[PDB]
>>> print(open('query_0.txt').read())   # compact mmCIF, C-alpha atoms and all ligand atoms
# COMPACT_ATOMS: atom_id res chain seq x y z
CA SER A 1 55.60 -35.75 -70.25
CA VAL A 2 52.52 -37.97 -70.43
CA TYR A 3 50.83 -35.26 -72.50
CA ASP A 4 53.63 -35.12 -75.06
CA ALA A 5 53.62 -38.91 -75.23
CA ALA A 6 49.85 -38.93 -75.80
CA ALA A 7 50.37 -36.46 -78.64
CA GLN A 8 52.39 -39.14 -80.44
CA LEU A 9 49.21 -41.17 -80.98
CA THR A 10 48.54 -39.97 -84.52
CA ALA A 11 45.62 -40.91 -86.76
CA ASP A 12 47.54 -43.82 -88.31
CA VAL A 13 48.76 -45.14 -84.95
CA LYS A 14 45.23 -44.98 -83.55
CA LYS A 15 43.78 -46.93 -86.50
CA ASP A 16 46.44 -49.63 -86.17
CA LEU A 17 45.71 -49.93 -82.47
CA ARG A 18 41.97 -50.29 -83.10
CA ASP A 19 42.33 -52.71 -85.99
CA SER A 20 44.64 -55.05 -84.07
CA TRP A 21 42.63 -54.72 -80.86
CA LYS A 22 39.53 -55.97 -82.66
CA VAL A 23 41.40 -59.27 -82.97
CA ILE A 24 43.42 -59.73 -79.77
CA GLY A 25 40.73 -58.12 -77.63
CA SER A 26 38.16 -60.71 -78.72
CA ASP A 27 39.72 -63.36 -76.46
CA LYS A 28 40.73 -61.55 -73.29
CA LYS A 29 41.22 -64.68 -71.19
CA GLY A 30 43.31 -66.52 -73.77
CA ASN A 31 45.46 -63.62 -74.97
CA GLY A 32 45.69 -62.08 -71.52
CA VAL A 33 47.19 -65.22 -70.00
CA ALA A 34 49.38 -65.65 -73.08
CA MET A 35 50.82 -62.18 -72.57
CA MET A 36 51.56 -62.84 -68.89
CA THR A 37 53.11 -66.30 -69.32
CA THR A 38 55.29 -64.92 -72.11
CA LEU A 39 56.43 -62.12 -69.82
CA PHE A 40 57.38 -64.62 -67.13
CA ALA A 41 59.12 -66.90 -69.62
CA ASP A 42 61.10 -64.18 -71.39
CA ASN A 43 61.79 -62.11 -68.28
CA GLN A 44 62.17 -64.44 -65.32
CA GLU A 45 63.49 -61.57 -63.16
CA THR A 46 60.00 -60.04 -63.01
CA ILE A 47 58.26 -63.06 -61.46
CA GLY A 48 59.13 -61.86 -57.97
CA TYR A 49 56.79 -58.88 -58.31
CA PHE A 50 53.81 -61.21 -58.81
CA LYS A 51 54.12 -62.99 -55.45
CA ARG A 52 50.39 -62.66 -54.72
CA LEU A 53 49.41 -64.70 -57.79
CA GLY A 54 51.15 -67.80 -56.48
CA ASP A 55 52.61 -70.37 -58.87
CA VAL A 56 52.42 -68.54 -62.20
CA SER A 57 53.93 -71.49 -64.07
CA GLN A 58 50.50 -73.13 -63.81
CA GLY A 59 49.19 -70.64 -66.35
CA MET A 60 45.48 -70.90 -67.14
CA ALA A 61 44.99 -73.37 -64.27
CA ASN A 62 45.96 -70.65 -61.77
CA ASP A 63 42.74 -68.83 -60.82
CA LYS A 64 44.52 -65.72 -59.51
CA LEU A 65 46.61 -65.43 -62.67
CA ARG A 66 43.53 -65.85 -64.85
CA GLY A 67 41.61 -63.20 -62.92
CA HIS A 68 44.58 -60.84 -63.10
CA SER A 69 45.09 -61.50 -66.83
CA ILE A 70 41.47 -60.90 -67.80
CA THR A 71 41.46 -57.66 -65.81
CA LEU A 72 44.68 -56.52 -67.47
CA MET A 73 42.95 -56.83 -70.85
CA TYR A 74 40.15 -54.54 -69.68
CA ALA A 75 42.79 -51.95 -68.83
CA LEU A 76 43.88 -52.08 -72.47
CA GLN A 77 40.24 -51.96 -73.59
CA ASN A 78 39.94 -48.84 -71.42
CA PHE A 79 42.92 -47.19 -73.14
CA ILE A 80 41.57 -47.99 -76.60
CA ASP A 81 38.18 -46.51 -75.76
CA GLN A 82 39.85 -43.28 -74.60
CA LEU A 83 41.87 -42.69 -77.78
CA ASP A 84 39.34 -40.10 -78.99
CA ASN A 85 39.92 -37.83 -75.97
CA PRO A 86 43.53 -37.26 -74.79
CA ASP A 87 42.46 -35.72 -71.47
CA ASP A 88 40.52 -38.86 -70.57
CA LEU A 89 43.26 -41.15 -71.86
CA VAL A 90 45.76 -39.36 -69.62
CA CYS A 91 43.67 -39.61 -66.46
CA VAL A 92 43.09 -43.37 -66.83
CA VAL A 93 46.76 -43.87 -67.67
CA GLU A 94 47.84 -42.06 -64.53
CA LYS A 95 45.38 -44.15 -62.50
CA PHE A 96 47.05 -47.38 -63.64
CA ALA A 97 50.49 -45.79 -63.35
CA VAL A 98 49.85 -45.39 -59.62
CA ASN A 99 48.98 -49.08 -59.41
CA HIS A 100 52.49 -49.83 -60.62
CA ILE A 101 54.35 -47.01 -58.87
CA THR A 102 53.21 -48.47 -55.56
CA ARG A 103 54.56 -51.83 -56.70
CA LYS A 104 57.94 -50.20 -57.40
CA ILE A 105 57.74 -50.77 -61.16
CA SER A 106 59.95 -48.41 -63.16
CA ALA A 107 59.35 -47.17 -66.70
CA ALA A 108 62.15 -49.44 -67.92
CA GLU A 109 60.68 -52.57 -66.36
CA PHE A 110 57.14 -51.69 -67.47
CA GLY A 111 58.54 -51.58 -70.98
CA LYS A 112 59.41 -55.26 -70.75
CA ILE A 113 55.80 -55.91 -71.76
CA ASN A 114 56.62 -54.82 -75.32
CA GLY A 115 58.27 -58.14 -76.08
CA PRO A 116 55.22 -60.19 -75.00
CA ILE A 117 52.85 -57.89 -76.92
CA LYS A 118 54.95 -58.22 -80.09
CA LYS A 119 54.87 -62.01 -79.80
CA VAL A 120 51.13 -62.23 -79.11
CA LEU A 121 50.46 -59.93 -82.05
CA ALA A 122 52.76 -61.96 -84.30
CA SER A 123 50.88 -65.14 -83.42
CA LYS A 124 47.76 -63.54 -84.89
CA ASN A 125 49.61 -62.39 -88.01
CA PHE A 126 50.14 -58.76 -86.98
CA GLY A 127 53.72 -57.68 -87.65
CA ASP A 128 56.21 -55.06 -86.50
CA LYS A 129 54.01 -52.24 -87.80
CA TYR A 130 51.41 -53.12 -85.17
CA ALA A 131 53.93 -53.95 -82.46
CA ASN A 132 55.40 -50.46 -82.86
CA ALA A 133 51.96 -48.88 -82.62
CA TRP A 134 51.39 -50.62 -79.30
CA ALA A 135 54.85 -49.60 -78.12
CA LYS A 136 53.72 -45.98 -78.48
CA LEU A 137 50.66 -46.60 -76.30
CA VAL A 138 52.81 -48.34 -73.69
CA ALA A 139 55.14 -45.33 -73.88
CA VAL A 140 52.31 -43.14 -72.59
CA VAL A 141 52.15 -45.20 -69.40
CA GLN A 142 55.95 -45.21 -69.14
CA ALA A 143 55.92 -41.40 -69.17
CA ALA A 144 53.76 -41.49 -66.04
CA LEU A 145 56.00 -43.86 -64.06
CA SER B 1 30.69 -69.51 -51.42
CA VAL B 2 31.27 -66.93 -54.14
CA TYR B 3 30.69 -69.67 -56.72
CA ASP B 4 27.34 -70.42 -55.09
CA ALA B 5 26.31 -66.77 -55.30
CA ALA B 6 27.49 -66.63 -58.91
CA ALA B 7 25.92 -69.93 -60.02
CA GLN B 8 22.64 -68.63 -58.65
CA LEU B 9 22.30 -65.74 -61.15
CA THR B 10 19.40 -66.88 -63.34
CA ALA B 11 18.77 -66.36 -67.07
CA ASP B 12 16.22 -63.64 -66.34
CA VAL B 13 18.55 -61.82 -63.95
CA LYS B 14 21.39 -61.95 -66.48
CA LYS B 15 18.98 -60.67 -69.13
CA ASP B 16 18.03 -57.64 -67.02
CA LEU B 17 21.68 -56.97 -66.16
CA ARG B 18 22.77 -57.02 -69.79
CA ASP B 19 19.78 -54.99 -71.03
CA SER B 20 20.37 -52.23 -68.48
CA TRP B 21 24.15 -52.29 -68.95
CA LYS B 22 23.69 -51.67 -72.68
CA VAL B 23 22.44 -48.24 -71.63
CA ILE B 24 24.26 -47.19 -68.46
CA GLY B 25 27.44 -48.82 -69.74
CA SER B 26 27.33 -46.76 -72.94
CA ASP B 27 28.52 -43.59 -71.18
CA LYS B 28 31.10 -44.83 -68.71
CA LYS B 29 32.57 -41.41 -67.93
CA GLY B 30 29.22 -39.75 -67.29
CA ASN B 31 27.51 -42.56 -65.40
CA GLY B 32 30.65 -43.58 -63.54
CA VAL B 33 31.16 -40.10 -62.10
CA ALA B 34 27.44 -39.85 -61.39
CA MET B 35 27.63 -43.08 -59.40
CA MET B 36 30.60 -41.88 -57.35
CA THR B 37 29.22 -38.40 -56.67
CA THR B 38 25.93 -39.95 -55.55
CA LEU B 39 27.78 -42.25 -53.17
CA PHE B 40 29.53 -39.25 -51.62
CA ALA B 41 26.31 -37.25 -51.45
CA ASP B 42 24.23 -39.95 -49.75
CA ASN B 43 27.02 -41.57 -47.71
CA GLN B 44 29.34 -38.75 -46.65
CA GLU B 45 31.03 -41.13 -44.20
CA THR B 46 32.79 -42.83 -47.13
CA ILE B 47 34.54 -39.70 -48.42
CA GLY B 48 37.52 -40.29 -46.13
CA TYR B 49 38.29 -43.60 -47.87
CA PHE B 50 38.94 -41.81 -51.16
CA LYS B 51 41.50 -39.27 -49.96
CA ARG B 52 43.88 -40.28 -52.78
CA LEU B 53 41.43 -38.74 -55.24
CA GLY B 54 41.71 -35.29 -53.66
CA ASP B 55 38.67 -33.01 -53.49
CA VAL B 56 35.87 -35.23 -54.79
CA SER B 57 33.41 -32.32 -54.73
CA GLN B 58 35.10 -31.12 -57.92
CA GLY B 59 33.25 -33.82 -59.83
CA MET B 60 34.12 -34.23 -63.51
CA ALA B 61 36.83 -31.55 -63.24
CA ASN B 62 38.80 -33.77 -60.83
CA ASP B 63 41.05 -35.82 -63.11
CA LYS B 64 41.79 -38.42 -60.43
CA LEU B 65 38.09 -38.92 -59.71
CA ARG B 66 37.33 -39.09 -63.43
CA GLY B 67 40.05 -41.69 -64.00
CA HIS B 68 38.83 -43.73 -61.05
CA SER B 69 35.19 -43.52 -62.13
CA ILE B 70 35.86 -44.61 -65.71
CA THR B 71 37.96 -47.53 -64.49
CA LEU B 72 35.25 -48.60 -62.05
CA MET B 73 32.85 -48.91 -64.98
CA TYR B 74 35.27 -51.28 -66.72
CA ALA B 75 35.24 -53.50 -63.63
CA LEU B 76 31.48 -53.74 -64.10
CA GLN B 77 31.97 -54.31 -67.82
CA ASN B 78 34.28 -57.16 -66.82
CA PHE B 79 31.60 -58.67 -64.56
CA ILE B 80 28.90 -58.41 -67.22
CA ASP B 81 31.08 -60.09 -69.84
CA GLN B 82 31.77 -63.05 -67.53
CA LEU B 83 28.13 -63.73 -66.59
CA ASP B 84 27.86 -66.97 -68.57
CA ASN B 85 30.95 -68.63 -67.08
CA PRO B 86 30.76 -68.67 -63.25
CA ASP B 87 34.36 -69.88 -63.07
CA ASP B 88 35.63 -66.76 -64.84
CA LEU B 89 33.22 -64.46 -63.00
CA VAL B 90 34.45 -65.81 -59.67
CA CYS B 91 38.14 -65.27 -60.38
CA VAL B 92 37.62 -61.65 -61.49
CA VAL B 93 35.29 -60.98 -58.55
CA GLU B 94 37.89 -62.30 -56.10
CA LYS B 95 40.51 -60.10 -57.78
CA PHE B 96 38.50 -56.94 -57.17
CA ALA B 97 37.52 -58.20 -53.72
CA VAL B 98 41.20 -58.09 -52.76
CA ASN B 99 41.39 -54.46 -53.92
CA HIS B 100 38.77 -53.63 -51.30
CA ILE B 101 39.81 -56.06 -48.57
CA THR B 102 43.17 -54.29 -48.45
CA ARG B 103 41.32 -51.01 -47.88
CA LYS B 104 39.31 -52.50 -45.02
CA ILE B 105 35.99 -52.35 -46.90
CA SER B 106 33.48 -54.75 -45.33
CA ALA B 107 30.70 -56.60 -47.15
CA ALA B 108 28.17 -54.30 -45.49
CA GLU B 109 30.04 -51.15 -46.56
CA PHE B 110 30.47 -52.43 -50.12
CA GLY B 111 26.70 -52.80 -50.24
CA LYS B 112 26.33 -49.02 -49.89
CA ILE B 113 26.86 -48.89 -53.66
CA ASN B 114 23.34 -50.26 -54.22
CA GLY B 115 21.72 -46.92 -53.44
CA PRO B 116 23.78 -45.05 -56.09
CA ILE B 117 23.23 -47.82 -58.65
CA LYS B 118 19.46 -47.71 -58.10
CA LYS B 119 19.44 -43.94 -58.65
CA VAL B 120 21.59 -44.07 -61.79
CA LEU B 121 19.39 -46.84 -63.18
CA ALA B 122 16.28 -44.80 -62.38
CA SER B 123 17.72 -41.80 -64.23
CA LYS B 124 17.44 -43.95 -67.35
CA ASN B 125 14.03 -45.31 -66.35
CA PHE B 126 15.14 -48.76 -65.22
CA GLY B 127 12.93 -49.61 -62.25
CA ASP B 128 13.10 -51.76 -59.11
CA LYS B 129 13.27 -55.02 -61.05
CA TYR B 130 16.60 -53.85 -62.51
CA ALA B 131 17.88 -52.46 -59.20
CA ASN B 132 17.17 -55.86 -57.65
CA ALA B 133 19.08 -57.60 -60.43
CA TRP B 134 22.13 -55.41 -59.79
CA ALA B 135 21.88 -55.99 -56.04
CA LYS B 136 22.26 -59.70 -56.81
CA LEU B 137 25.47 -59.08 -58.76
CA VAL B 138 26.81 -56.85 -55.98
CA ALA B 139 25.95 -59.69 -53.59
CA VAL B 140 28.39 -61.92 -55.47
CA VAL B 141 31.21 -59.56 -54.53
CA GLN B 142 29.91 -59.34 -50.96
CA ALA B 143 30.25 -63.12 -50.74
CA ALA B 144 33.98 -62.57 -51.22
CA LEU B 145 34.29 -59.88 -48.54
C1 LIG A 201 50.35 -53.28 -71.04
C2 LIG A 201 50.97 -53.21 -69.74
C3 LIG A 201 50.38 -53.45 -68.49
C4 LIG A 201 49.09 -53.20 -68.09
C5 LIG A 201 47.96 -52.63 -68.93
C6 LIG A 201 49.01 -53.54 -66.69
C7 LIG A 201 47.82 -53.55 -65.95
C8 LIG A 201 47.69 -53.99 -64.63
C9 LIG A 201 46.46 -53.97 -63.85
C10 LIG A 201 45.08 -53.50 -64.32
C11 LIG A 201 46.79 -54.40 -62.61
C12 LIG A 201 45.89 -54.50 -61.38
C13 LIG A 201 46.04 -53.28 -60.48
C14 LIG A 201 45.57 -53.53 -59.07
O1 LIG A 201 44.44 -54.05 -58.90
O2 LIG A 201 46.32 -53.21 -58.12
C15 LIG A 201 48.20 -54.71 -62.61
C16 LIG A 201 48.92 -55.20 -61.50
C17 LIG A 201 50.29 -55.41 -61.44
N1 LIG A 201 51.18 -55.15 -62.49
FE1 LIG A 201 50.71 -54.55 -64.35
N2 LIG A 201 50.25 -53.97 -66.21
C18 LIG A 201 51.09 -53.94 -67.32
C19 LIG A 201 52.45 -54.30 -67.30
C20 LIG A 201 53.18 -54.68 -66.17
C21 LIG A 201 54.58 -55.03 -66.16
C22 LIG A 201 55.48 -55.08 -67.40
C23 LIG A 201 54.94 -55.32 -64.86
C24 LIG A 201 56.14 -55.81 -64.34
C25 LIG A 201 57.46 -55.75 -64.92
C26 LIG A 201 53.72 -55.12 -64.07
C27 LIG A 201 53.64 -55.36 -62.69
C28 LIG A 201 52.43 -55.41 -61.96
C29 LIG A 201 52.33 -55.88 -60.59
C30 LIG A 201 53.47 -56.35 -59.70
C31 LIG A 201 51.01 -55.89 -60.27
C32 LIG A 201 50.41 -56.39 -58.96
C33 LIG A 201 49.82 -57.77 -59.10
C34 LIG A 201 49.12 -58.24 -57.84
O3 LIG A 201 49.80 -58.40 -56.80
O4 LIG A 201 47.89 -58.43 -57.88
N3 LIG A 201 52.64 -54.78 -64.88
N4 LIG A 201 48.76 -54.43 -63.85
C1 LIG A 202 29.96 -51.60 -57.93
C2 LIG A 202 30.89 -51.63 -56.83
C3 LIG A 202 32.23 -51.25 -56.85
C4 LIG A 202 33.17 -51.56 -57.81
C5 LIG A 202 32.92 -52.39 -59.08
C6 LIG A 202 34.43 -51.00 -57.36
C7 LIG A 202 35.60 -50.98 -58.12
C8 LIG A 202 36.81 -50.37 -57.76
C9 LIG A 202 38.02 -50.39 -58.56
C10 LIG A 202 38.20 -51.00 -59.94
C11 LIG A 202 38.98 -49.78 -57.81
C12 LIG A 202 40.45 -49.60 -58.12
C13 LIG A 202 41.30 -50.66 -57.43
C14 LIG A 202 42.76 -50.28 -57.38
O1 LIG A 202 43.31 -49.88 -58.43
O2 LIG A 202 43.35 -50.38 -56.28
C15 LIG A 202 38.36 -49.35 -56.57
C16 LIG A 202 39.04 -48.69 -55.53
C17 LIG A 202 38.49 -48.36 -54.29
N1 LIG A 202 37.20 -48.69 -53.90
FE1 LIG A 202 35.74 -49.53 -55.01
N2 LIG A 202 34.30 -50.40 -56.11
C18 LIG A 202 32.95 -50.53 -55.80
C19 LIG A 202 32.37 -50.10 -54.60
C20 LIG A 202 33.05 -49.51 -53.53
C21 LIG A 202 32.43 -49.07 -52.29
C22 LIG A 202 30.94 -49.15 -51.98
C23 LIG A 202 33.43 -48.58 -51.49
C24 LIG A 202 33.37 -48.01 -50.20
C25 LIG A 202 32.25 -47.96 -49.30
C26 LIG A 202 34.67 -48.72 -52.25
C27 LIG A 202 35.94 -48.30 -51.81
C28 LIG A 202 37.10 -48.25 -52.59
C29 LIG A 202 38.33 -47.58 -52.19
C30 LIG A 202 38.59 -46.84 -50.88
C31 LIG A 202 39.18 -47.65 -53.23
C32 LIG A 202 40.57 -47.03 -53.28
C33 LIG A 202 40.57 -45.75 -54.10
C34 LIG A 202 41.97 -45.21 -54.34
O3 LIG A 202 42.63 -44.81 -53.36
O4 LIG A 202 42.39 -45.20 -55.51
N3 LIG A 202 34.42 -49.26 -53.50
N4 LIG A 202 37.04 -49.74 -56.54
>>> encode(input="query_0.txt", output="structure tokens")
Amino acid sequence: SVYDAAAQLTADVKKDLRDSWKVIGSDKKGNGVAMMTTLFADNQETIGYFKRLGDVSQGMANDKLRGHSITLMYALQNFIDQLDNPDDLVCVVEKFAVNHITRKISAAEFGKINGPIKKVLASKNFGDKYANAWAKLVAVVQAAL
Amino acid sequence: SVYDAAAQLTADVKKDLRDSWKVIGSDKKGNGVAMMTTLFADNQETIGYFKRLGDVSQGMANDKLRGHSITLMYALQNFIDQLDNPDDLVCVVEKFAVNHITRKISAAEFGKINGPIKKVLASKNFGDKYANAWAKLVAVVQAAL
């Protein structure tokens, strides 16, 4: 249940999400592309889904990948801004869930983003505590897939 | 080209866009839904395109419409944040252009959003000068359709 999952976002989890987002959200282009390239490097089997983006190995030089990556960060910004109201968080989560359901992305495969997030956070000196907080937010989307 | 349309946006236009966005972008849920409901009220012929959202006459109560409306405002937030780097603005614009090209939305049809934007701006006392500024930003997307 997406609603039960959303209920897991306690006061402490919400603060950790906001505190870490202040840092990684300040450079959407840089961190967005970093998240994507890490996903492709650590999980080669997912590259097939991103056929439209072309040669993703080009990274920042790939205009489609850069546009996609920046936009992905605004999806996260959206989630963060909705933390105060669970009903609004749920409706935006289900909107993006549909974007992935149509792409045939399962909850299990969506969860492969946790690795990349953990690594990007770690590069900015945010440890497991923060990685786990983000895993709970990702879990809300997983519940809708 | 899209780059040409983007590179054209002058300092004064960007100033008006950012000044007005500070206000209408401060209540994404409220103004986003207002924009969509106005589009449906003034251009009833577009309702059919949004059948995935269900009964759009439900307004704020429609969770799918609310989720869509909030997300649409983040696309605009994205545009506004990229104003000073045409290269980044172009790649995000082309990303969203694809979202509409796949739905068979022509440049002319996409321009129907200007009416609703003008009205929402006016509700906050931003006159024609501001509506014209926004029409220029919308024109950047039209250059990609
Ligand atoms: C934090 C997690 C993630 C977020 C916030 C997210 C967000 C997004 C957004 C906003 C889009 C664009 C939707 C559209 O315009 O159609 C997108 C597209 C896509 N996402 Fe994700 N995504 C995430 C994780 C993943 C993962 C882990 C996979 C794959 C294993 C995935 C696969 C896709 C695919 C295939 C597309 C379509 C790309 C295209 O052809 O343009 N996403 N995602
Ligand atoms: C300020 C201008 C506009 C912006 C920034 C915008 C933004 C968006 C965004 C972000 C999406 C979601 C893309 C996806 O997840 O697939 C969307 C979907 C859509 N847009 Fe727009 N849009 C605008 C104007 C229009 C206009 C004027 C029309 C039609 C005359 C239109 C028709 C559509 C349709 C049919 C969808 C699909 C809705 C669905 O089934 O979920 N858009 N738009």
>>> calpha_fit_and_write(input="query_0.txt", fixed="chain B", moving="chain A", output="short mmCIF file (atom, residue, chain, number, x, y, z; two decimals) with C-alpha atoms, keeping the file's coordinate frame")
data_model
loop_
_atom_site.label_atom_id
_atom_site.label_comp_id
_atom_site.auth_asym_id
_atom_site.auth_seq_id
_atom_site.Cartn_x
_atom_site.Cartn_y
_atom_site.Cartn_z
CA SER A 1 30.10 -68.55 -50.56
CA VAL A 2 31.01 -66.65 -53.73
CA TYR A 3 30.07 -69.75 -55.72
CA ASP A 4 26.61 -70.00 -54.18
CA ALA A 5 26.12 -66.29 -54.76
CA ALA A 6 27.15 -66.67 -58.41
CA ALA A 7 24.58 -69.45 -58.74
CA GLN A 8 21.87 -66.88 -57.98
CA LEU A 9 22.51 -65.23 -61.36
CA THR A 10 19.68 -66.95 -63.21
CA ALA A 11 18.76 -66.59 -66.88
CA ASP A 12 16.30 -63.76 -66.15
CA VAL A 13 18.73 -61.89 -63.88
CA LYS A 14 21.47 -62.16 -66.51
CA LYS A 15 19.21 -60.77 -69.26
CA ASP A 16 18.17 -57.83 -67.08
CA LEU A 17 21.80 -57.09 -66.31
CA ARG A 18 22.74 -57.14 -70.00
CA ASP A 19 19.75 -55.12 -71.15
CA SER A 20 20.33 -52.35 -68.61
CA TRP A 21 24.10 -52.41 -69.11
CA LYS A 22 23.63 -51.69 -72.81
CA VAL A 23 22.28 -48.31 -71.68
CA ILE A 24 24.31 -47.25 -68.63
CA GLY A 25 27.50 -48.77 -70.01
CA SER A 26 27.34 -46.59 -73.12
CA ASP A 27 28.51 -43.53 -71.16
CA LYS A 28 31.13 -44.79 -68.74
CA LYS A 29 32.55 -41.37 -67.89
CA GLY A 30 29.19 -39.73 -67.26
CA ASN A 31 27.48 -42.57 -65.40
CA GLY A 32 30.65 -43.60 -63.61
CA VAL A 33 31.13 -40.16 -62.07
CA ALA A 34 27.40 -39.97 -61.36
CA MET A 35 27.58 -43.20 -59.38
CA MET A 36 30.55 -41.98 -57.34
CA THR A 37 29.22 -38.49 -56.57
CA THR A 38 25.91 -40.05 -55.51
CA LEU A 39 27.77 -42.40 -53.19
CA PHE A 40 29.60 -39.48 -51.60
CA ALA A 41 26.42 -37.42 -51.32
CA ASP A 42 24.25 -40.18 -49.86
CA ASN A 43 26.97 -41.73 -47.71
CA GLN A 44 29.29 -38.99 -46.51
CA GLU A 45 30.97 -41.42 -44.06
CA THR A 46 32.67 -43.21 -46.96
CA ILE A 47 34.52 -40.16 -48.33
CA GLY A 48 37.44 -40.79 -45.99
CA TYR A 49 38.36 -43.98 -47.85
CA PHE A 50 38.92 -42.01 -51.07
CA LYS A 51 41.68 -39.77 -49.69
CA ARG A 52 43.91 -40.31 -52.74
CA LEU A 53 41.34 -38.81 -55.13
CA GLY A 54 41.53 -35.42 -53.44
CA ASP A 55 38.53 -33.08 -53.42
CA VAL A 56 35.76 -35.36 -54.67
CA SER A 57 33.17 -32.58 -54.44
CA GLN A 58 34.67 -31.22 -57.67
CA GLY A 59 33.13 -34.14 -59.53
CA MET A 60 33.91 -34.31 -63.25
CA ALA A 61 36.50 -31.52 -62.88
CA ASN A 62 38.61 -33.78 -60.64
CA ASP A 63 40.96 -35.72 -62.94
CA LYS A 64 41.70 -38.46 -60.39
CA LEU A 65 38.00 -39.00 -59.71
CA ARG A 66 37.25 -39.15 -63.43
CA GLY A 67 40.03 -41.67 -64.04
CA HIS A 68 38.86 -43.76 -61.10
CA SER A 69 35.20 -43.58 -62.21
CA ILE A 70 35.86 -44.62 -65.80
CA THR A 71 37.97 -47.54 -64.58
CA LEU A 72 35.24 -48.62 -62.17
CA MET A 73 32.86 -48.92 -65.12
CA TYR A 74 35.28 -51.27 -66.89
CA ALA A 75 35.20 -53.48 -63.81
CA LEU A 76 31.43 -53.75 -64.28
CA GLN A 77 31.92 -54.34 -68.01
CA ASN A 78 34.30 -57.15 -67.00
CA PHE A 79 31.66 -58.75 -64.76
CA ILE A 80 29.01 -58.56 -67.47
CA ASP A 81 31.29 -60.19 -70.01
CA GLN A 82 31.95 -63.08 -67.60
CA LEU A 83 28.29 -63.92 -66.95
CA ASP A 84 28.47 -66.86 -69.38
CA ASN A 85 31.17 -68.64 -67.35
CA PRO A 86 30.81 -68.73 -63.52
CA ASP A 87 34.40 -69.88 -62.97
CA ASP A 88 35.73 -66.83 -64.79
CA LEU A 89 33.23 -64.51 -63.13
CA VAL A 90 34.39 -65.75 -59.73
CA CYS A 91 38.10 -65.25 -60.40
CA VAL A 92 37.66 -61.64 -61.58
CA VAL A 93 35.35 -60.95 -58.65
CA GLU A 94 37.91 -62.21 -56.18
CA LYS A 95 40.58 -60.08 -57.89
CA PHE A 96 38.57 -56.91 -57.26
CA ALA A 97 37.56 -58.14 -53.81
CA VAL A 98 41.24 -58.08 -52.85
CA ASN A 99 41.46 -54.48 -54.06
CA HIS A 100 38.85 -53.60 -51.45
CA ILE A 101 39.93 -55.98 -48.69
CA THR A 102 43.27 -54.19 -48.60
CA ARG A 103 41.37 -50.91 -48.28
CA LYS A 104 39.50 -52.32 -45.27
CA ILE A 105 36.12 -52.30 -47.03
CA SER A 106 33.61 -54.71 -45.50
CA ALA A 107 30.75 -56.47 -47.29
CA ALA A 108 28.29 -54.15 -45.54
CA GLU A 109 30.03 -50.98 -46.67
CA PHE A 110 30.56 -52.31 -50.21
CA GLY A 111 26.81 -52.78 -50.32
CA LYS A 112 26.33 -49.04 -49.93
CA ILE A 113 26.83 -48.85 -53.70
CA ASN A 114 23.37 -50.34 -54.22
CA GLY A 115 21.70 -47.03 -53.47
CA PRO A 116 23.75 -45.12 -56.09
CA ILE A 117 23.19 -47.86 -58.69
CA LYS A 118 19.42 -47.78 -58.09
CA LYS A 119 19.37 -44.01 -58.56
CA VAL A 120 21.52 -44.02 -61.71
CA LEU A 121 19.33 -46.75 -63.18
CA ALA A 122 16.16 -44.86 -62.26
CA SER A 123 17.45 -41.76 -64.04
CA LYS A 124 17.54 -43.81 -67.24
CA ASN A 125 14.05 -45.22 -66.65
CA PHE A 126 15.10 -48.61 -65.27
CA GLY A 127 13.11 -49.46 -62.14
CA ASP A 128 13.37 -51.67 -59.07
CA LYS A 129 13.35 -54.82 -61.21
CA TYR A 130 16.72 -53.82 -62.64
CA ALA A 131 18.07 -52.41 -59.39
CA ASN A 132 17.42 -55.78 -57.74
CA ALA A 133 19.19 -57.61 -60.55
CA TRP A 134 22.28 -55.48 -59.99
CA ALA A 135 22.02 -56.03 -56.24
CA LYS A 136 22.49 -59.75 -56.92
CA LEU A 137 25.67 -59.10 -58.91
CA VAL A 138 26.99 -56.84 -56.16
CA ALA A 139 26.14 -59.63 -53.71
CA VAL A 140 28.67 -61.86 -55.47
CA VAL A 141 31.44 -59.41 -54.63
CA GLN A 142 30.11 -59.03 -51.08
CA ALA A 143 30.44 -62.80 -50.60
CA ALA A 144 34.16 -62.47 -51.33
CA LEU A 145 34.82 -59.66 -48.83
#
>>> interface_residues(input="query_0.txt", of="chain B", to="chain A", cutoff="9 Å", atoms="only C-alpha atoms", output="VMD selection string")
chain B and resid 29 63 to 68 70 to 71 74 to 75 77 to 78 87 to 95
>>> residues_near_ligand(input="query_0.txt", ligand="ligand LIG 202 (chain A)", cutoff="8 Å", atoms="all atoms listed in the file", output="ChimeraX atom specification")
/A:95-96,99 /B:39,46,49-53,68,71-76,96,99-100,103,105-106,109-114,117,138
>>> atom_distance(input="query_0.txt", atom1="CA of residue 84 (chain B)", atom2="atom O4 of ligand LIG 201 (chain A)")
24.3 Å
>>> atom_distance(input="query_0.txt", atom1="CA of residue 11 (chain B)", atom2="CA of residue 116 (chain B)")
24.5 Å
>>> closest_residue(input="query_0.txt", among="B:83, B:102, B:119, B:128", to="residue 9 (chain B)", atoms="only C-alpha atoms")
B:83
>>> closest_residue(input="query_0.txt", among="B:145, B:13, B:5, B:97", to="ligand LIG 201 (chain A)", atoms="all atoms listed in the file")
B:97
>>> atom_distance(input="query_0.txt", atom1="CA of residue 141 (chain B)", atom2="CA of residue 16 (chain B)")
18.3 Å
>>> residues_around(input="query_0.txt", residues="residue 21 (chain B)", least_positions_apart="2", cutoff="12 Å", atoms="only C-alpha atoms", output="PyMOL selection string")
chain B and resi 14-19+23-28+31+73-74+76-81+117+120-121+124+126+130-131+133-134
>>> decode(input="query_0.txt", residues="region 18-23 of chain B", atoms="C-alpha atoms", output="short mmCIF file (atom, residue, chain, number, x, y, z; two decimals), in the first residue's frame")
data_model
loop_
_atom_site.label_atom_id
_atom_site.label_comp_id
_atom_site.auth_asym_id
_atom_site.auth_seq_id
_atom_site.Cartn_x
_atom_site.Cartn_y
_atom_site.Cartn_z
CA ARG B 18 11.49 35.18 -12.69
CA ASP B 19 9.64 37.99 -10.87
CA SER B 20 6.23 36.58 -11.80
CA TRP B 21 7.28 32.98 -11.13
CA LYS B 22 8.28 33.94 -7.59
CA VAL B 23 4.56 34.46 -7.02
#
